[PDB]
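Colleague: A single structure is presented below for examination.
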2 protein chains.
Amino acid sequence: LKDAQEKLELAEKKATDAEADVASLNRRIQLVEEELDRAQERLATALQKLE
Amino acid sequence: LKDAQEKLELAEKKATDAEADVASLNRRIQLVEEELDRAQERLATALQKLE
């Protein structure tokens, strides 16, 4: 039981940290997508003014 | 020990799933980052053309 509970603890800690990493990466994805959209809009406006 | 092993299996499956999510989300992060880099390079070229 000592080994089994230690394995349980390590697996649960790893899964929780992985979930936190997933949430952080997803919010990073949405942030970078918003920045990309703003950059594309700026590019379009700049090209029109250039022409 | 039986319950501990079952929870170990569940926790390791969930952690592997979240690790795959991490891999996918980091791939998306890098790809959108590259697209944003291209967009900002285009923006810099556009400002140069404005000048």
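Residues are named by chain letter and number: chains run A, B, ... in the order of the structure tokens, numbers start at 1 in each chain, and ligands are numbered from 1 in the order shown.
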Pairing the C-alpha atoms in order and superposing chain A on chain B, what is the resulting RMSD?
Modeller: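 Rounded to one decimal, the C-alpha RMSD is 1.2 Å.
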Colleague: Taking a cut-off of 8 Å and counting only C-alpha atoms, can you build a table that, for each residue of chain A near chain B, reports the nearest atom pair and how far apart they are in Å (one decimal), sorted by chain then residue number, as a tab-separated table?
Modeller:
residue	atom	partner	partner_atom	distance
A:1	CA	B:1	CA	5.1
A:4	CA	B:4	CA	5.6
A:5	CA	B:4	CA	6.0
A:7	CA	B:8	CA	6.6
A:8	CA	B:8	CA	5.0
A:11	CA	B:11	CA	5.5
A:12	CA	B:11	CA	5.6
A:14	CA	B:15	CA	6.3
A:15	CA	B:15	CA	4.0
A:16	CA	B:15	CA	7.6
A:18	CA	B:18	CA	5.5
A:19	CA	B:18	CA	5.8
A:21	CA	B:22	CA	6.7
A:22	CA	B:22	CA	5.3
A:25	CA	B:25	CA	5.9
A:26	CA	B:25	CA	6.4
A:28	CA	B:29	CA	7.2
A:29	CA	B:29	CA	5.5
A:32	CA	B:32	CA	6.7
A:33	CA	B:32	CA	6.6
A:35	CA	B:36	CA	7.4
A:36	CA	B:36	CA	5.0
A:39	CA	B:39	CA	5.9
A:40	CA	B:39	CA	6.1
A:42	CA	B:43	CA	7.1
A:43	CA	B:43	CA	5.4
A:46	CA	B:46	CA	6.0
A:47	CA	B:46	CA	6.5
A:49	CA	B:50	CA	7.9
A:50	CA	B:50	CA	6.1
Colleague: Keeping only C-alpha atoms, take the residues you just selected and write them out as an mmCIF file, in the first residue's frame.
Modeller:
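Result went into again-v9.cif, see below:
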data_model
loop_
_atom_site.group_PDB
_atom_site.id
_atom_site.type_symbol
_atom_site.label_atom_id
_atom_site.label_comp_id
_atom_site.auth_asym_id
_atom_site.auth_seq_id
_atom_site.Cartn_x
_atom_site.Cartn_y
_atom_site.Cartn_z
ATOM 1 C CA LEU A 1 0.000 0.000 0.000
ATOM 2 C CA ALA A 4 0.591 2.114 -4.378
ATOM 3 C CA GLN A 5 -0.268 5.360 -2.581
ATOM 4 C CA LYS A 7 2.311 6.086 -7.200
ATOM 5 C CA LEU A 8 -1.189 7.519 -6.781
ATOM 6 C CA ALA A 11 0.265 10.375 -10.889
ATOM 7 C CA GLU A 12 -2.310 12.802 -9.458
ATOM 8 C CA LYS A 14 1.430 15.001 -12.700
ATOM 9 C CA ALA A 15 -2.142 15.012 -14.042
ATOM 10 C CA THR A 16 -3.001 18.220 -12.167
ATOM 11 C CA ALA A 18 -0.653 18.791 -16.951
ATOM 12 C CA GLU A 19 -4.187 20.187 -16.686
ATOM 13 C CA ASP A 21 -0.389 23.524 -18.453
ATOM 14 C CA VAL A 22 -3.251 22.736 -20.848
ATOM 15 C CA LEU A 25 -1.546 26.875 -23.354
ATOM 16 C CA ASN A 26 -5.180 27.280 -24.441
ATOM 17 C CA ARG A 28 -2.048 31.510 -24.791
ATOM 18 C CA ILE A 29 -3.565 30.211 -28.038
ATOM 19 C CA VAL A 32 -1.928 34.905 -29.821
ATOM 20 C CA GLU A 33 -4.847 34.385 -32.219
ATOM 21 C CA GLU A 35 -2.881 39.389 -31.754
ATOM 22 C CA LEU A 36 -2.638 37.673 -35.155
ATOM 23 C CA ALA A 39 -1.841 42.226 -37.123
ATOM 24 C CA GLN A 40 -3.689 41.016 -40.233
ATOM 25 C CA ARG A 42 -3.208 46.385 -39.702
ATOM 26 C CA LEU A 43 -1.582 44.750 -42.731
ATOM 27 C CA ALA A 46 -1.490 49.557 -44.567
ATOM 28 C CA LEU A 47 -1.607 47.879 -47.982
ATOM 29 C CA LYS A 49 -3.008 53.175 -47.911
ATOM 30 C CA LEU A 50 0.152 52.126 -49.766
#
